[PDB]
Amino acid sequence: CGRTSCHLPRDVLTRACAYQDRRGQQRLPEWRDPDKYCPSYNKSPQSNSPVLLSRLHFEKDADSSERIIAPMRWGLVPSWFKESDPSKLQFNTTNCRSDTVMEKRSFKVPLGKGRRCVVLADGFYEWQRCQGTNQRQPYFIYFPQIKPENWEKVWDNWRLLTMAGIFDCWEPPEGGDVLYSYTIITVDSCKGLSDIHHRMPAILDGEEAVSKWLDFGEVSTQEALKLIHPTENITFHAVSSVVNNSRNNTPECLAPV
DNA sequence: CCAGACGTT
DNA sequence: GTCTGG
DNA sequence: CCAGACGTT
DNA sequence: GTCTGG
């Protein structure tokens, strides 16, 4: 999973991230760096997407079940990385295989420090490789949804896709803001998706999964990794090739055909 | 020991 | 920074 | 992820 | 074929 849609206006996104802390207080997650939120139908690696993380990553003594929402760089840049510019990274951290995560230098260390985040999207795109043709068929893939008038109604009630991520913090040698960057954990595609692609993102389905993944305060790596697996609770439709070029940011990207 | 990699679809 | 391969 | 470049005097 | 930029 190397492309998402995350196009909602910031306040609509934030309201769609309404949740309950461990005490059952209804809350909206508190923003950091909201100016870096860049809505688009076509989010590629190296772009910023909003992710949820525990408040306790940002505030001493916080309730770890409280949530921050913050734009992060898609493509995990490890703390130790030595060059001036993130883009010089010579290995792909767009994704992080679940099967090998504990053996991977770039992911184990930040995972170990509790740096679990939830990557938000409308949904993700996958390109289907079909036998004996180089033509790839793009699909938009998303949580099942409630079953220009309809458009506004749909998107107000949209259930955002919640993907399990890991993030790391990098101080540019040259100097600047700390870079927060993320990888989306991958697992085997479910039966529903297996004729489209062998890989899918690790989807956290519902508030229990999202909560336990976020809460590095109360939930160990070993307990968190149990949430990482495929889900059949997923739907999709084929979309035009408009999505293919990551410069194309329009509704046509995720329109059915 | 040091050198060199650190990753995925 | 930390681990693997030599 | 795909698209597009891939080079020097 | 392989890497960078989006």
Side-chain angles (χ1 to χ4, degrees), chain A residues 1-7 36 38-49 71-115 119 121-130 133-142 161 163-173 178-179 181-190 193-202 221 228 230 236 238-250 252-254:
Chain A
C1 25
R3 203 87 63 83
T4 69
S5 181
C6 196
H7 85 278
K36 293 189 228 216
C38 172
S40 170
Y41 287 100
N42 205 342
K43 302 297 294 180
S44 73
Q46 299 170 89
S47 76
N48 291 317
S49 287
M72 291 198 195
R73 191 193 147 96
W74 191 3
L76 189 154
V77 183
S79 38
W80 50 256
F81 184 62
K82 300 288 177 229
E83 309 309 316
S84 76
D85 177 9
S87 51
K88 258 73 147 292
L89 202 63
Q90 284 298 298
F91 46 103
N92 296 339
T93 54
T94 292
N95 298 114
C96 167
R97 292 188 57 89
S98 59
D99 66 350
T100 59
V101 61
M102 296 306 311
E103 321 157 12
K104 297 317 192 165
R105 290 206 267 292
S106 298
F107 302 144
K108 177 195 31 163
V109 166
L111 178 59
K113 306 190 193 172
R115 297 186 184 172
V119 183
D122 304 323
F124 68 103
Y125 306 105
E126 255 160 21
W127 287 257
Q128 178 181 52
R129 296 185 216 89
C130 312
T133 180
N134 294 312
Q135 301 276 48
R136 283 177 169 192
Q137 171 62 50
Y139 290 87
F140 186 63
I141 305 160
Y142 47 100
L161 193 64
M163 292 170 298
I166 295 166
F167 75 87
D168 204 22
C169 300
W170 175 77
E171 270 157 339
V178 178
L179 189 53
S181 54
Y182 70 93
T183 190
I184 296 160
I185 292 166
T186 65
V187 296
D188 286 340
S189 69
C190 54
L193 287 186
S194 60
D195 287 10
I196 294 170
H197 203 87
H198 69 290
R199 299 309 282 168
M200 78 187 283
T221 313
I228 308 301
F236 58 82
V239 298
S240 92
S241 56
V242 169
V243 61
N244 285 28
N245 193 311
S246 62
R247 294 190 140 82
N248 300 335
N249 170 16
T250 76
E252 219 212 313
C253 291
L254 47 70

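Naming convention: chains lettered A, B, ... in sequence-line order (proteins, then strands); numbering from 1 in each chain.
- Atom NZ of A:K104 and atom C1' of C:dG1 are 17 Å apart (whole Å).
- Atom CD of A:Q128 and atom P of B:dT9 are 18 Å apart (whole Å).
- Distance noted for atom P between B:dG7 and D:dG4: 30 Å (whole Å).
- Note: A:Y125 and A:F140 have tilted aromatic rings, judged against thresholds of 30 and 60 degrees for the angle between ring planes.
- Remark: the separation of the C1' atoms in B:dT8 and C:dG5 is 22 Å, to the nearest Å.
- Side-chain contact, A:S87 with A:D85: a donor N or O sits under 3.5 Å from an acceptor N or O.
- Comparing B:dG7, B:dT8, D:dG4 by their closest approach to the side chain of A:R105 singles out B:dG7.
- Taking the P atom of each, B:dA5 and E:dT4 are spaced 15 Å apart, rounded to whole Å.
- Summarising the base pairing, C:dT4 is matched to B:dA3 through a Watson-Crick or G-U wobble pair whose two defining distances lie under 3.5 Å.
- Comparing B:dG7, D:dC1, C:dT2 by their nearest atom to the side chain of A:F91 picks out B:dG7.
- Listed nucleotides: B:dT8, D:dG4, E:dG6. Nearest to the side chain of A:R97: B:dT8.
- A distance of about 14 Å separates the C1' atoms of E:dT2 and B:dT9, rounded to the whole Å.
- Note: CD (A:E83) to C1' (E:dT4) measures 15 Å, nearest angstrom.
- Of the listed nucleotides (C:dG1, B:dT8, D:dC2), D:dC2 has the atom at the smallest distance from the side chain of A:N244.
- A Watson-Crick or G-U wobble pair links B:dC6 with C:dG1, each of its two atom distances being under 3.5 Å.
- Here C:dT2 presents its P atom at 18 Å from CZ of A:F81, a figure rounded to the nearest Å.
- In this structure, A:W80 packs face-to-face on the six-membered ring of B:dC6, meeting both the 5.5 Å centre cutoff and the 30° plane limit.
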